[PDB]
């Protein structure tokens, strides 16, 4: 059997409430990794599992500095011969951020599978148990190698680069509308459909094993009457980059343009993404800053932070966004 380590960080999958009917407002990251493993003994037939408690928090509190530590730990684990893959339990809210970060920084082809749950472990029809079993099956399957970081939940396997939480409260919230899933798990069998056509893991130039923190990047929303003062505030607090969750295709109002101009003059890298949820923000030389390709705001921030650890050259950063 494959040797899989289950690195727990918290989340609803490890969440609990007083009643089985409470599916909201519960406490995330309240249960220990062994408790999750013990709740689904069946996993032992899929692999030799070892639980490790990295953290136990609600993912809304996951921070870059900690995600960095998470990446370094997974790298140490995957470096071992006695480890065939890693399953990371994480909160659903920012799992797309943590997953994409590792997608870009893990220097190994061994499976790295993030797993989450939309209902707490104590809930009626809790999804966590099955999601966990599926994540371990994916992590231990030899066919799962070299596919980049994955997010497993609700019978689906999504690429960290495309998958995103699209719904605030549904079990089937994780989807990649335009890119689909890398594969699915039905009847205890994995069906691989796609291989992402982007750079990742072993072919990524991003290495952070020698860092303890990342460049500061904030996200500003785009909407009617969007204020210039928010750009002022960001610049003033030392951001190194600003990701714009823009209206439509990263379109900018006169006030947004004024703010971006100020940011650029201060050496801040401006990256134009979109608030819409899907699609391409195309290049436009008549607008300030760079464009995020198909990266949504949350994903764009992660890549920009990592990009900033290697260069401040706009052209190099722009190419990164079209290839990662």
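Numbering follows the first chain given and starts at 1. Whichever C-alpha set is largest while still superposing within 1.5 Å between the two forms counts as the rigid core.
With every structure aligned by its rigid core, 208-216 is the stretch of 154-162 and 208-216 whose CA positions lie farther away in 5 other deposited structures of this protein.
Between stretches 31-39 and 64-72, greater average Cα displacement in 5 other deposited structures of this protein relative to the shown form, fitted by the core, falls on 31-39.
Judged by mean Cα B factor in the deposited record, 209-217 ranks above the other of 209-217 and 110-118. Legend: mean Cα B-factor per stretch from the PDB entry, 282-290 versus 35-43; the higher mean is in 35-43. The top Cα temperature factor in the record, among 49, 58, 271, 70, falls on 49. When the C-alpha B-factors of 202, 125, 166, 98 are read from the PDB record, the largest value belongs to 202. Among the modelled residues of its chain, residue 300 has a C-alpha B-factor that falls in the lowest third, as given in the PDB entry. Residue 266 sits in the highest third of its chain by CA B factor, as recorded in the PDB entry.
Residue 226 sits in the middle third of its chain by CA B factor, as recorded in the PDB entry. Among all modelled residues in its chain, residue 62 ranks in the lowest third by Cα B-factor.
The PDB entry assigns residue 259 a C-alpha temperature factor belonging to the middle third of its chain's modelled residues.
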